[PDB]
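To start, the structure itself, in C-alpha cells.
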Amino acid sequence: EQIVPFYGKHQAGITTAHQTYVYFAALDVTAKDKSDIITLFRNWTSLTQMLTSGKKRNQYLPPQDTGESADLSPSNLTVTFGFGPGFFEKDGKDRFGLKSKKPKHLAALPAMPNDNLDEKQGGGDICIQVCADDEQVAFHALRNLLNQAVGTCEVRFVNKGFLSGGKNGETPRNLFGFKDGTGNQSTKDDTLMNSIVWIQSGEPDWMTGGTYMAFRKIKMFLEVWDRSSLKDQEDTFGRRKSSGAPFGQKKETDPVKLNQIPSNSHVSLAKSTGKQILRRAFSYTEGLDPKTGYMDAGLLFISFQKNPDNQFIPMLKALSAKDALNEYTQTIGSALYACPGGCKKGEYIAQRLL
Amino acid sequence: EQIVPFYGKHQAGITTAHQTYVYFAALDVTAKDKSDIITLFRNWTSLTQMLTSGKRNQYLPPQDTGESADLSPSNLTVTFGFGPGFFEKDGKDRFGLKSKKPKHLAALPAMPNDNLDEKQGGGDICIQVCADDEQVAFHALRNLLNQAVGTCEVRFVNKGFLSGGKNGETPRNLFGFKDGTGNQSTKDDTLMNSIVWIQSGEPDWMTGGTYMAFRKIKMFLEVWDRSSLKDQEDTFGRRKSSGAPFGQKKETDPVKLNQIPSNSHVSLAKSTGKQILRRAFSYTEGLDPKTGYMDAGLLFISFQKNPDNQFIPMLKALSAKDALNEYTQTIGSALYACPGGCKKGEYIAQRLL
Ligand code: HEM
Ligand code: HEM
C-alpha cells in the first residue's frame with residue numbers, strides 16, 4: 001500500500017503527503033518540432049505510470065531499465081511536471097505556437113533584495129519533481145525519465161533534497177531545527193486547497209486542476225546560525241524552537257499572536273501579508289563551498305499557489321526587504337513553473353499540445 | 001531497538017549492518033598543540049555516545065542543532081580514522097606520534113586511469129557517519145564538525161546512499177548489479193578477524209582496529225545506460241538480474257573463473273586470492289560542468305587488516321585491466337588507520353597520552 005496513484009483529477013506530489021526525499025530537475029527544450037515534445041510527454045506518461053506502481057530479451061541492446069530500483073518498493077513515488085515561461089516564448093520568439101495558451105501568471109519571478117541568483121540554477125522550460133520515501137527509488141525514477149528526453153531536451157540543473165518527519169508524526173524540522181509546515185492548511189481540506197492551490201477557471205483549460213509552482217534555492221549559513229543564541233534563533237522566526245509554538249502560546253498549533261512576535265519576524269511578515277501558499281519544501285546539502293570552506297547547505301523552497309501574483313509575490317517582496325532570516329540566508333536559484341491539471345487514464349500529460 | 005552500541009571491542013560501522021545513508025568527511029589538523037587534539041577527541045567521544053543512542057540557556061547557542069530531535073537514532077554509527085598526514089606532514093612529525101605510526105599507513109600508489117583531485121582525498125582525520133535516515137546522519141556529522149572549529153579544517157564532505165532489497169536482497173549500485181555478494185558474513189567472527197580486525201604487529205591502539213580504504217569512483221551513467229546488456233554483464237562476470245556468476249544458478253554460487261572474461265571485474269579481483277570487507281555507498285551530485293551529465297558514482301569504502309597484502313594487490317589488478325575502467329574514473333583516494341574500540345571510561349584513540 002506504498003503506492004500513490006499517478007492518474008487523477010490533479011497531479012500527485014502537490015497535496016500528496018510530503019515524502020522524505022526529492023530530486024528536482026529542470027530541462028531546456030532543444031527540439032525544434034512540436035511533435036517531438038508530444039512524443040516526449042507520451043513516453044513520460046507511460047514510464048511515470050509504470051514507476052509509480054509495482055509494474056516490473058536481446059543481449060545486444062541496452063536494458064530498457066537501469067535496474068537499481070529492482071528490489072525496492074515504490075515508496076510513495078510521485079512525479080510532478082511543470083512548464084516555465086521559456087516553454088511558450090523563448091527570447092521573444094514563440095517557438096511552438098503555444099503563446100496563445102500561456103498561463104495568465106507565468107513569468108520570471110521579480111528580482112528581490114538579497115538575491116544572489118545563479119541563472120543556470122533556476123529557470124528552465126520543463127521542471128520535474130520526483131518525490132519518494134527512499135532516495136534510490138527517487139533517483140532511479142528521475143534517471144530513467146531523463147534518459148527518455150535525450151535528443152529532445154538538455155538538462156539545466158538537478159537538485160536533491162530531504163526532509164524527515166517525526167517518528168510519531170511530528171512536523172518535520174528544517175536544517176535550522178524549527179518545524180517547517182505548521183502554517184500550511186490541511187491538504188485534506190478540499191475547500192482550502194481549491195482556494196489556495198487548485199485552479200478552476202480563468203486559465204487555459206490545461207491549467208484546470210493544475211497550479212503554479214514556485215522554486216527558490218535558498219542557501220542557509222549553518223555556521224553563522226549555529227553561533228547565534230537560541231533566543232536570537234527563536235526571534236528570527238517568532239516561534240519557540242523546541243515546541244514550534246508561537247510566542248506567548250503553549251503548543252505548535254496555537255494561533256499566532258502578531259503583537260507577541262517581532263515586527264521583522266519571519267512568521268510575522270509572512271502571515272501579515274494576508275495571503276497563503278502550500279509550502280512543500282526539502283532541505284539540501286552539497287558538500288563544502290569553495291572559497292567559503294563551509295558546508296554548502298540550505299532549503300529547496302517549493303510552494304504551490306493558484307495565483308502567484310496575489311499569493312506568493314507579495315510574501316516574497318515582504319520577506320526580501322525586511323526579515324531577520326535574511327541574516328542567515330541568500331537565495332541562489334529562482335523559478336516559476338505552471339503545472340497542468342491531472343491526467344486521465346486514457347491521456348498523456350499536458351495533452352493541450354494537440 | 002534502532003541503536004547500535006558505540007562502546008565495544010571494535011568501532012561500530014565496520015562490521016555493523018550496512019545502513020542506507022553515509023556522510024563521509026575528512027579533516028586537516030590546524031592545531032599545533034597535541035593537547036587540543038586530546039580535548040577534541042574527548043568531546044567527540046562524549047558527543048558520539050549521546051548521538052548514537054537516545055538523548056537550557058536561551059542566551060547561548062544551542063549545544064545541539066536540533067533537526068534530529070523527533071527522529072529515531074536509526075542505527076547511527078560514527079567511525080574515526082587517521083590519515084598519514086596525522087603522523088608526518090611535509091616531513092614534520094607534528095605531535096610526537098611518528099613512533100606510533102601504523103606499519104601499513106601511507107598514501108595509496110598512483111594507478112592507471114587515476115584522475116585524482118587532491119582535495120577530494122587525503123586528510124589527517126576521517127569521520128564516517130552512517131544511518132538509515134539522511135537527516136539523522138547529517139545532523140550527527142554537523143554537530144561533530146562543530147566541535148572541531150579552531151582545531152581542524154574540513155577538507156571534503158561526501159554524501160551517499162545504498163538501499164537494500166525490500167525482502168533482504170543484496171543492495172544494487174547505480175549500475176543495477178548486486179554489490180556485496182563476495183563479502184564474507186560479518187557475523188563470522190573468525191572470518192572477520194582474518195579479513196578486518198587487527199590482533200598484533202601494530203601499535204597497541206590499533207588492536208581491534210583496521211585500515212580503511214577510500215576511493216571516490218565517478219560512474220559514467222550515460223555511457224553505461226547506452227551499453228548493451230551483454231557489455232554490462234561481461235564487464236562484471238555476473239548476470240545483472242540474479243547476481244549469479246556466469247554458468248551458475250544463484251547469486252551465492254561460487255564463481256567459475258574459466259567461465260567469465262579475463263578482464264572481468266570479478267575475475268581480476270577474485271584472481272588476486274585476497275579478500276577485503278567492502279562497505280560502499282552510491283552518490284549523486286547534480287550535473288557535471290563541461291560534461292552536462294549526471295555526476296554520480298560510488299564511494300568505495302573497504303576495511304582490511306593489511307592494505308599492502310589485501311587491498312593494494314586488488315587495486316593494481318583492477319587499475320590495469322578492469323573492464324569497469326571504460327565506465328569509471330577514480331577522482332578521490334585516501335587510506336586511514338581506524339583505532340580499536342573504545343571502552344566506556346576512555347576516549348577514542350586514547351594512545352595520544
Ligand atoms: C531558508 C528559507 C526558509 C526557512 C528556513 C523557513 C522556515 C519557516 C519556519 C520555521 C516557519 C514557521 C513554521 C511554519 O509555519 O511552517 C515558516 C513559516 C512560513 N514561511 Fe518560511 N521558511 C523559509 C522560506 C520561506 C519563503 C521563501 C517563503 C515565501 C516566499 C516562506 C513562507 C512562509 C509562510 C507563508 C509561512 C507561514 C506563515 C503563517 O504562519 O501564516 N518561507 N517558514
Ligand atoms: C565503480 C566502482 C565499482 C563497482 C560499480 C563495483 C561493483 C562490483 C560488483 C557488481 C561486484 C560483483 C558482486 C560482488 O561480489 O559484490 C563486485 C565484486 C568485487 N569488487 Fe567491486 N566494484 C567497484 C569497485 C571496486 C574496487 C575499487 C575494488 C578494489 C580496489 C573492488 C573489489 C571487489 C571485490 C574484492 C569483489 C568481490 C570479488 C569476489 O567475488 O571474490 N571493487 N564489485
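Quick note on labels: first sequence line is chain A, next is B, and so on, each numbered from 1. What's counted below: heavy atoms across the whole structure, side chains too, no hydrogens, waters or symmetry copies. Atoms within a ligand are numbered from 1 in the order they appear, just like the ligands themselves.
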Could you find the nearest protein heavy atom to atom 30 (C) of ligand 1 and give me its residue, atom name and distance? A:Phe312 CE1, 3.3 Å

Out of B:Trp224, B:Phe300, B:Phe175, B:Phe220, who is nearest to atom 31 (C) of ligand 2 when you count heavy atoms only? B:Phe300

Can you check whether B:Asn306's main-chain N or O pairs, donor with acceptor, with B:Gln310's side chain at less than 3.5 Å? yes

To the nearest 0.5 Å, what is the distance between CD on A:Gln19 and CG on A:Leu163? 11.0 Å

Checking a contact table here: which protein heavy atom is nearest atom 38 (C) of ligand 2, and how many Å away? B:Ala269 CB, 4.0 Å

Taking only non-hydrogen atoms of A:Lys179 and a 4.0 Å limit, the atoms of ligand 1 in range are 10 (C), 13 (C)

May I ask you to identify, for B:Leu318, whether its side chain, its backbone, both or neither come under 4.0 Å of ligand 2 on a heavy-atom basis? side chain

Any N/O of B:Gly180 closer than 3.5 Å to an N/O of ligand 2? yes

Please confirm whether B:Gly182 comes within less than 3.5 Å of ligand 2 when only nitrogen or oxygen atoms on both sides are compared. yes

Please confirm whether the backbone N or O of B:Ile14 pairs with a side-chain atom of B:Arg279, one donor and one acceptor, at under 3.5 Å? yes

Has the side chain of A:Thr211 got a donor or acceptor atom that lies under 3.5 Å from a matching backbone atom of A:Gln305? yes

Considering distance alone, does some N or O of A:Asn174 sit under 3.5 Å from an N or O of ligand 1? no

Using a 3.5 Å distance criterion without hydrogens, assess whether the side chain of A:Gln136 forms a donor-acceptor pair with backbone atoms of A:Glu68. yes

Using a strict cut-off of 4.0 Å, indicate which atoms of ligand 1 neighbour a heavy atom of A:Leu325. 3 (C), 4 (C)

Quick test of your reading of the structure: of B:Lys240, B:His265, B:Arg278, whose heavy atom lies closest to atom 24 (C) of ligand 2? B:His265

Just let me know how B:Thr170 lines up against ligand 2, side chain, backbone, both or neither, with a heavy-atom cut-off below 4.0 Å. neither

Against heavy atoms of B:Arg238, which atoms of ligand 2 measure under 4.0 Å? 12 (C), 13 (C), 40 (O)

Enumerated ligand 1 atoms positioned under 4.0 Å from heavy atoms of A:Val267: 12 (C), 40 (O)

Which heavy atom of the protein is the closest neighbour of atom 1 (C) of ligand 1, given with residue, atom name and distance? A:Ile218 CG2, 3.5 Å

Under a heavy-atom criterion of less than 4.0 Å, does B:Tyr327 contact ligand 2? no

How about A:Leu299 and A:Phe176: do any of their side-chain heavy atoms sit closer than 4.5 Å? no

Which atoms of ligand 2 have any heavy atom of B:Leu315 under 4.0 Å away? 30 (C)

Please determine if A:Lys179 forms a cation-pi arrangement with A:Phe237, meaning its NZ or CZ atom is less than 6.0 Å from the six-membered ring centre and no more than 45° off the ring axis. no

B:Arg238/B:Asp179 salt bridge by N-O under 4.0 Å criterion: no

Any atoms of ligand 2 less than 4.0 Å from a non-hydrogen atom of B:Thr328? List them with their elements. 1 (C)

Counting from 1 in the order shown, the ligand 2 atoms closer than 4.0 Å to a non-hydrogen atom of B:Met314 are 29 (C), 32 (C), 35 (C)

Go through the side-chain N and O atoms of A:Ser229 and A:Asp232 and say whether any donor and acceptor fall under 3.5 Å apart. yes

Regarding B:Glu285 and B:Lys216, does a basic nitrogen lie under 4.0 Å from an acidic carboxylate oxygen? yes

Are any side-chain N or O atoms of B:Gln232 and backbone N or O atoms of B:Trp224, one a donor and one an acceptor, separated by less than 3.5 Å? yes

Is A:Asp226 paired with B:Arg142 through a side-chain N to carboxylate O contact shorter than 4.0 Å? yes

Please identify which atoms of ligand 1 are closer than 4.0 Å to at least one heavy atom of A:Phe178. 10 (C)

What's the separation between atom CG in B:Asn113 and atom CD in B:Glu326, rounded to the nearest 0.5 Å? 9.5 Å

Have a look at ligand 2 and work out which part of B:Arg215, if any, has a heavy atom under 4.0 Å from it: side chain, backbone, both or neither. neither

Which ligand 1 atoms, with their elements, are less than 4.0 angstrom from a heavy-atom of A:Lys271? 39 (C), 41 (O)

N/O separation below 3.5 Å, A:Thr182 to ligand 1: yes

Can a salt bridge be assigned to the pair A:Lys275 and A:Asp309 using a cut-off of 4.0 Å between side-chain N and carboxylate O? no

Less than 3.5 Å between some nitrogen or oxygen of B:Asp179 and one of ligand 2, yes or no? no

